[PDB]
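Okay, here we've got a single chain as structure tokens, the form deposited in one PDB entry, with questions on binding and movement later.
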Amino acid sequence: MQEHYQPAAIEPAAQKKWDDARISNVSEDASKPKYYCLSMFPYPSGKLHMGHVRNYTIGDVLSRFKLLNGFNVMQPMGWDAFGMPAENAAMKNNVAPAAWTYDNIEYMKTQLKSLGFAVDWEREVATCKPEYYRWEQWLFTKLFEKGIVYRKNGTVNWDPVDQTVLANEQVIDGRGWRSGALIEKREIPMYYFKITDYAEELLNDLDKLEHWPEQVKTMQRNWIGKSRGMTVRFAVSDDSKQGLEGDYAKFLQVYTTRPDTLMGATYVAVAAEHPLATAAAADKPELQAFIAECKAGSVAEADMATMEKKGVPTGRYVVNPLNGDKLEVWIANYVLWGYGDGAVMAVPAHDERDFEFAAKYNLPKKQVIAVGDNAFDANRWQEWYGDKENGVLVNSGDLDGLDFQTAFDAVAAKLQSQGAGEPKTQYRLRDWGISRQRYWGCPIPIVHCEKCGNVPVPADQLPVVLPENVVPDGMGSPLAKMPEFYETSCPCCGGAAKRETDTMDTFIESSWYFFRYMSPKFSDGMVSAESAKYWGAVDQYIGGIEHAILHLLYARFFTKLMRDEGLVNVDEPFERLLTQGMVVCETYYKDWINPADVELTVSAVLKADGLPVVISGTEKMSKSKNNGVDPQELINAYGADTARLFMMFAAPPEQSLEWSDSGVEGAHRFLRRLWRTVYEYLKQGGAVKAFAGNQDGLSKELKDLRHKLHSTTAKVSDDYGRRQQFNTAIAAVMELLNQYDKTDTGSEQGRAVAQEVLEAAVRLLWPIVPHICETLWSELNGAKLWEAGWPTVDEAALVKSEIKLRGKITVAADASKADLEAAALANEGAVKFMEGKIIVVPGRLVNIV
């Protein structure tokens, strides 16, 4: 054994031992219980960043822990390789996006192998390869046949200068980004997943996920936005039919989730495109201007709640079918023409938005809900104005006194009798548009034929191959200009036809890749049933909260689609879910300087020029402030184990991790100490059989150390398995070593206990720093570490020794105050001096007066 810790020595050899042993290359082995630990696979955008290293070390700790508990553990990796990164690099460097990701793949793959993650590289996928995306094309056509995917016209943001479609985030103040020209909204045919059909199943199944963090389930429910409310029809007043045609001359229909407050509607509001809006806007020019100002506007959800609510009166009127009030119809910029009806009611007394609107315009407010003896101020919104649970109706005539749900059922009753109303479920969830006017993406398997329409490619012809020898210019979609690509035959009639040229939302790959890992070379379908039956569902998923909504929702949706196709039998893909916290680092600068390029003394200056540089604040490692710390700088300088140890110890996984030079140093020093402990131990005796069995007759000191050992093993087992707090687990192992350091392990029995401590410590840290632990282990013991398995808790080591003057009794050391006092009134010498308060002094006397 060398005296000095050399990570650059032992880390490649350990990996080679693990590789040669093929401990991570696993099959569908019924001779072992399966465990599927999955980390969110990366975009091959170039190199790894500290976020990758944190995410994948967390998954590897969990994987290795289950491995040492004998599970058949699959920890797969692969490349989410479609998207804009490559397309952008293709413009920047005149290289094909394929060639640019593959170069990133083989680099990041050796970068990951370098870190020693216990990963089944035989299960590696790359989503940008035909043998992968052919299967999402296949499912696309299957669902397109059933109408679960359909074609309809949707609006997009067209930049008439950059000449492509822009995302609703890449538009700034109504204009483009790299062009900044006035966006043209254009109606183009597009493909959708009918995810609304699965809304209720996606909502209700969340309850099955007892091991998901509730916030993620909460975020998923709010995005689906189920509501149980009422459709309500308002008779258009006789004087207000001027210009109204058809069923819009008859009634204004709105949706509401507070029909219990229908007696409080003081006006109504219609979208800019509403027939009543435009029928009023004929002879009134200022309404036509308002309608145009609304049309020329963003529709971003974030822009909507942070928007000055604006309305205009119309002079048209409708009648509330409950109390006969005459209510003016306003046009308002918060009403959207597409979400159910194009119009809402407004109850300012019990809806804050309606309250601020009515306070701006001096519109009336009618309190119809009261909450106990709560005073009500018409010029002061308070939280209880919107109480759906602790309210009963007031100023509502024959509806006074009912709670929400009783008044709900009564208003439904009253409205249905008149026919003017019916209950209705609604969801904010829209359908999932998957078409992208982009090159580097899965081609959409549809061929357009003038005779046969939009026909899907037969399963025999799949894949529709994306040509890789392309360098997109950003001035269009190169597929739509490649006749050698889009020109084809019709599969139904054999005549001239053109392929679809849009590609798919790259969320499509990440929506089913966890199943493909079960059989990534299977050629007869998405996933062989043999592997799907064995692996079932992902036992543990690890990723960032940036995917808690859309990616998880799409992954769950694809699971239930794939189930309903009979490809899998699970309903939900991820049982356990762990959200990694982000990694932050200080920034340095008008001109942001990578920290490794900086000499930071109290002060801080450049690394080259040596001139004073500005030490700015601390934030997520990014490119916007050039504070990403390349983990390759970390591995070269301290080894992989120091890197993994630093991030697992710096903070709990869910919490943000602050980069720290002294932190990495400490991690490396602790590994240096762990190395020296074993070396010093073997220098004065060499290996011996670890202590085991009855510990009676061990000295008090060695007994305590065995107590500290097996209590540590229980707490590290708990921190790995249930709490998933790896920082406290590492702390506990440091506490054991500290007590060991203070324990005279010189005797024969002392060396046996010392051997027990060390053999447990290296196995307890192996999930975090396996390179040094694998090395130290084989220097302590000749068996395979993975075959010796996770250390067991010796519960005997946890039982600590037991503790007129009438007599003396023996009680336990962890006894109760009633435990000692109970034996006092049953002692022989006690009853002899008692003849039919009890001052119990723990550790001395228990006198009974």
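Start at 1 and count along the sequence shown; that's the residue number. Between two forms, the rigid core is defined as the largest C-alpha subset superposing within 1.5 Å.
Gaps at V602 occur in at least a third of the other compared entries of the protein that contain both adjacent residues. Missing deposited residues between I803 and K804: 4 to 9, all without coordinates in the entry. The deposited sequence places 4 to 9 unmodelled residues between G836 and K837. Judged by mean Cα B factor in the deposited record, 319-327 ranks above the other of 319-327 and 343-351. For the pair 508-516 and 680-688, the mean Cα B-factor is higher in 680-688. Across the options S63, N781, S31, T792, the residue with the most elevated CA B-factor in the record is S31.
Taking the deposited Cα B-factors for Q695, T196, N738, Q170, the highest one is held by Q170. Remark: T257 belongs to the lowest third of its chain, ranked by C-alpha B-factor as recorded.
Split the chain's modelled residues into thirds by C-alpha temperature factor. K498 is in the middle one. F408: CA B factor in the middle third of modelled residues in this chain (values from the PDB entry). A797 sits in the middle third of its chain by CA B factor, as recorded in the PDB entry.
For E245, the recorded CA temperature factor ranks within the highest third of the chain's modelled residues.
From this point on, the text means the form deposited in another entry, which you will not see here.
In the core-aligned comparison between this form and the one not shown, the C-alpha of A608 is the only one from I172, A608, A167, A692 that shifts by 2 Å or more.
Annotation for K625: C-alpha shift of 2 angstroms or more between this form and the one not shown, rigid core superposed.
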